[PDB]
S.K.: 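Got a structure for you, questions after.
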Amino acid sequence: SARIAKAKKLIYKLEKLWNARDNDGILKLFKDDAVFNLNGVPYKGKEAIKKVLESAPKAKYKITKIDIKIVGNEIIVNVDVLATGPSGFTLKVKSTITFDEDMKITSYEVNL
Ligand SMILES: COc1ccc(-n2nc(C(N)=O)c3c2C(=O)N(c2ccc(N4CCCCC4=O)cc2)CC3)cc1
């Protein structure tokens with residue numbers, strides 16, 4: 001409950017971060033050696049993640065469903081997202097975001 005809502009606040013904070021392309025603000029939510037799994041392709045380290053952030057399309061995202069799981073000291077969050085692209089094509093995407101005990105992102109899978 002406590003860790004659930006805090007994780008939820010982080011997700012909705014991430015939605016605004018993604019739409020404003022606040023890539024610095026996004027990276028601050030990560031661990032240094034976290035992995036951004038972009039469609040089966042992992043990017044370990046904040047240097048490879050910042051690139052993933054900058055190469056992302058100019059998209060608008062809307063959350064449509066949050067699934068929070070407690071696997072101990074880690075919270076695994078599944079989020080359904082409506083991804084609207086730069087030319088109006090709306091696509092259903094999904095993210096699997098894992099937080100550690102200090103609410104830092106250790107893994108961030110996005111599957112399309
Ligand atoms: C219109 O259709 C698309 C298709 C693909 C892409 N596309 N491309 C890339 C890439 N080639 O890098 C990425 C994405 C994407 O959808 N990404 C993302 C997914 C979901 C979230 N959200 C939302 C808020 C809170 C939770 C959360 O995780 C944030 C960013 C980043 C990566 C965009 C649009």
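Each ligand, and each atom within it, is numbered from 1 in the order the structure gives. In what follows, every heavy atom counts, from backbone to side chain, and hydrogens, waters and symmetry copies are set aside. Heads up: numbering here begins at 1 and tracks the sequence.
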S.K.: Looking at ligand 1, would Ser55 count as a contact under a 4.0 Å heavy-atom criterion?
M.R.: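 No.
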
S.K.: Check each atom of ligand 1 against the heavy atoms of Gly85 and keep those under 4.0 Å away; list them by number with element.
M.R.: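 Near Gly85, the atoms of ligand 1 are 1 (C).
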
S.K.: What part of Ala83 sits under 4.0 Å from ligand 1 if we count only heavy atoms: the side chain, the backbone, both or neither?
M.R.: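 Contact part for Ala83 vs ligand 1: both backbone and side chain.
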
S.K.: Taking atom CD1 of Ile68 and atom CD1 of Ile76, what is their separation to the nearest 0.5 Å?
M.R.: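 If we round to the nearest 0.5 Å, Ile68:CD1 and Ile76:CD1 are 11.5 Å apart.
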
S.K.: Any side-chain donor-acceptor pair under 3.5 Å between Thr64 and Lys62?
M.R.: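 No, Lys62 and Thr64 have no side-chain donor paired with an acceptor closer than 3.5 Å.
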
S.K.: Show me which atoms of ligand 1 lie under 4.0 Å from any heavy atom of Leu112.
M.R.: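 Per the distance check, 5 (C).
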
S.K.: Mind checking whether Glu15 has an N or O less than 3.5 Å away from an N or O of ligand 1?
M.R.: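 No; every N/O pair is 3.5 Å or more apart.
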
S.K.: If you take the nearest heavy atom of each of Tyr12, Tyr61, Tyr43, which one is closest to atom 15 (C) of ligand 1?
M.R.: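 Comparing heavy atoms across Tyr12, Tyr61, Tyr43, the nearest one to atom 15 (C) of ligand 1 lies in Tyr61.
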
S.K.: Is the shortest side-chain N to carboxylate O distance from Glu47 to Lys51 below 4.0 Å?
M.R.: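 Not counted as a salt bridge, because no side-chain N and carboxylate O are separated by less than 4.0 Å.
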
S.K.: At what distance, to the nearest 0.5 angstrom, does CG of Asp100 lie from CD of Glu74?
M.R.: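 The CG atom of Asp100 sits 7.0 Å away from the CD atom of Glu74.
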
S.K.: So, does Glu15 use its side chain to make a donor-acceptor pair with the main chain of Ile63 at under 3.5 Å?
M.R.: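 Such a contact is found between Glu15 side chain and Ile63 backbone.
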
S.K.: For atom 12 (O) of ligand 1, what's the nearest protein heavy atom and its distance?
M.R.: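 Ranked first by proximity to atom 12 (O) of ligand 1 is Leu38 CD2, 3.3 Å.
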
S.K.: Would you tell me whether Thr96 and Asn78 have side-chain atoms, one donor and one acceptor, within less than 3.5 Å of each other?
M.R.: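 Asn78 and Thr96 do have a side-chain donor-acceptor pair below 3.5 Å.
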
S.K.: Please list the nearest protein heavy atom to atom 25 (C) of ligand 1 with its residue and the distance rounded to 0.1 Å.
M.R.: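 Residue, atom and distance for the closest contact: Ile11 O, 3.7 Å.
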
S.K.: Check whether any side-chain N or O of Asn19 sits under 3.5 Å from a backbone N or O of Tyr61 as a donor-acceptor pair, and report yes or no.
M.R.: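 Checking the backbone N and O of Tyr61 against the side chain of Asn19, a donor-acceptor pair under 3.5 Å is found.
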
S.K.: So which heavy atom in the protein is nearest atom 4 (C) of ligand 1, and how far is it from that ligand atom?
M.R.: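 Minimum-distance protein heavy atom for atom 4 (C) of ligand 1 reads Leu91 CD2, 4.0 Å.
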
S.K.: How far is atom 28 (O) of ligand 1 from its nearest protein heavy atom, and which residue and atom is that?
M.R.: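 Result for atom 28 (O) of ligand 1: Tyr108 OH, 2.4 Å.
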
S.K.: Mind listing the closest non-hydrogen atom pair of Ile49 and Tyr43 along with its distance?
M.R.: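 Between these two residues, the closest heavy atoms are CG1-O, 3.6 Å.
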
S.K.: So which of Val35, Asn37, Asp32 actually passes side chain to side chain contact (heavy atoms under 4.5 Å, CB included) with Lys44?
M.R.: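 Of all the options given, the one that passes is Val35.
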
S.K.: Considering only non-hydrogen protein atoms, determine which one is nearest to atom 23 (C) of ligand 1 and report residue, atom name and distance to 0.1 Å.
M.R.: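 Heavy-atom neighbour on the protein nearest atom 23 (C) of ligand 1: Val81 CG2, 3.5 Å.
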
S.K.: Is there any N or O on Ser95 that sits under 3.5 Å from an N or O of ligand 1?
M.R.: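 Yes, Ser95 has an N/O under 3.5 Å of an N/O on ligand 1.
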
S.K.: Is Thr90 touching ligand 1 with its side chain, its backbone, both, or neither, if touching means heavy atoms under 4.0 Å apart?
M.R.: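 Near ligand 1, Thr90 shows nothing, with every heavy atom at 4.0 Å or more.
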
S.K.: Heavy-atom distances under 4.0 Å decide this one: backbone, side chain, both or neither, for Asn39 against ligand 1?
M.R.: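 For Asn39, no heavy atom sits under 4.0 Å from ligand 1.
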
S.K.: Write out the residue and atom name of the closest protein heavy atom to atom 7 (N) of ligand 1, then the distance separating them to 0.1 Å.
M.R.: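 The closest heavy atom on the protein side is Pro57 CD, 3.7 Å.
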
S.K.: Applying salt bridge (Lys or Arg N to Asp or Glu O under 4.0 Å) to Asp67 and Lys65, what does each step give before you reach the verdict?
M.R.: CA-CA 7 Å; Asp67 154 54; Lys65 218 73 168 182; over 6 Å; no

S.K.: Could you tell me which atoms of ligand 1, counted from 1 in the order shown, lie closer than 4.0 angstrom to a heavy atom of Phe89?
M.R.: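 Listed by number with element: 1 (C).
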
